[PDB]
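Provided below as structure tokens are two forms of one protein chain, presented individually as structure 1 and structure 2.
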Structure 1
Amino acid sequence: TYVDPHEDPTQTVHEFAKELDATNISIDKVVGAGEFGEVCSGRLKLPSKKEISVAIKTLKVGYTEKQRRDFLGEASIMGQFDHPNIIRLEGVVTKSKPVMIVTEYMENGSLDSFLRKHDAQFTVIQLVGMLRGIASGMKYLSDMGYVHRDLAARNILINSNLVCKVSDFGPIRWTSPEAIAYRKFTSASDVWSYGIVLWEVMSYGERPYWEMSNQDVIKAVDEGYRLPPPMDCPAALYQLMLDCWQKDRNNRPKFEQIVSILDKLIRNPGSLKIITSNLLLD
């Protein structure tokens, strides 16, 4: 079970994050600005003397205590999870400044931007592998009782071997109608979001609902309209999207069911050969 850090939430950091010695951290490449400071990458020397690549984030000089709490809050959440499809927290540096969060290095970055660079260049089985990884991570998060609320291809990272991992543990296009309507956030609203991610992946990182007015995204979906099948989309995967986008949250599949559906498609790849701008009324 996941525990929400929220009455001295700062202690949650130490409970779920390793305090790293800066001696063991080196910076090789500055990526640029993040929400709370800089973002870069480098190397971490592990206690066994193994050396790994890592992503590193720093807290800006002259941070406010609120900024420090919000920044480190990411670690307090991420550190509770240990799963191959959830970004790994290597640790934090809090006993010296700048304060740091050190996480799993992912060579290929955010999934949406990666796919946009490679429009139509992967096989359907490669795409399904990416989607299965994401579903597996989400199955674990939901097993832990963690509702992500921000599941979207931009918040999935992809490594050198195309393994996809859920990130963003620190408005509208990815959110279920009930979560928009009255903040009803549940694992079933994450399943809705997963449906949107499935569409993003099969569309090679097209933006969900393009740049429709947000009020129209809300109204159209409420009226029963859904995103159209991506080009050359297997029927099985478009059906899976529609199932994730059921109006009644109780009728949506559970993440375990989504994983099993994709596993069956992986085992019987011939199933993917049945193939299915403007929204479609469903």
Structure 2
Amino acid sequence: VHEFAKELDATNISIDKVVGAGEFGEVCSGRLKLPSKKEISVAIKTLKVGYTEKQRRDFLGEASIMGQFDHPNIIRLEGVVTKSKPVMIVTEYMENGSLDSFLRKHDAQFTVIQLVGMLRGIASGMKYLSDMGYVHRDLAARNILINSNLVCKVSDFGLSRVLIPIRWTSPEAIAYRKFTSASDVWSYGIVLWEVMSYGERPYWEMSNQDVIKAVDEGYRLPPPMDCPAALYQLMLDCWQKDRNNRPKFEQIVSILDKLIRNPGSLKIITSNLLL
């Protein structure tokens, strides 16, 4: 764990408030004093009192993964506290919380260019993650955090592994656990839909067996209200049945960089599911 995560001194951490509930314990906000004396706001996950040794290994396991990434669009690991209790994982603070809950509060309140900026960040983070040989497997708006400047960053590495949420998972990964960077691109397509839908749930409350069967039959989520044609086409490209025909994350970033540069192109606007 200490290979990729520095041990922090608990005397340098102050806890301010509880801002979330985790699988392994609470999530809090607070402050960290760095060796340079600079003080930064941080998020702190704590391991619940009375944890089993297995829970501890799973909890810290996420930090070992997160710690291998240094990128503007992947949540920064400040470090861990293991030598005292409670055991903690400390990351950079993200003022606006999870992306899905954030967008739900602001339905139709952002410009297309702002939403594209968010999507570009996510795609750039995923490009780095895939470059490093990791498949996330849980890429979803709820696992993206967003800061005061609207910068989006991939978080939650609980399911990730070196090379399951049905609604976000590619058909081949559902069918026989074929997880690749192309299955993450499928997931990214779902995130793209979530963003353009301001946090609508993918497939709403459809039974899981019907999400599985419908997608396998060729059905896809419909265009969100007022969705630019270019962005809906990108979803469809991400959702190709043949994984080899899906764009790579580098191509997705490049697509989005073009849309940011030419805000004009976004002016062409596009059963519940579409075949």
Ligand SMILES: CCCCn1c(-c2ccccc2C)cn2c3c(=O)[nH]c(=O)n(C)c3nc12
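Residues that one form lacks are left out of the comparison. Please note that residue numbering is based on structure 1, beginning with 1 at the start of its sequence. By rigid core we mean the largest C-alpha set that fits within 1.5 Å across both forms.
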Quiz item: Do you reckon the form solved without the named molecule is 1 or 2?
Solution: 1
Quiz item: Superposing on the rigid core, which residue among 46, 235, 31, 231 shifts its Cα by at least 2 Å between structure 1 and structure 2?
Solution: 31
Exercise. Report, to one decimal in Å, how far the Cα of residue 114 moves between structure 1 and structure 2 once the rigid core is superposed.
Key: 0.4
Practice problem: Look at the Cα of residue 61 between structure 1 and structure 2 with the rigid core superposed and state its shift in Å. | Solution: 1.2
Quiz item: For residues shared by both forms, which stretches of 3 or more shift their Cα by 2 Å or more between structure 1 and structure 2, once the core is superposed?
Solution: 31-33
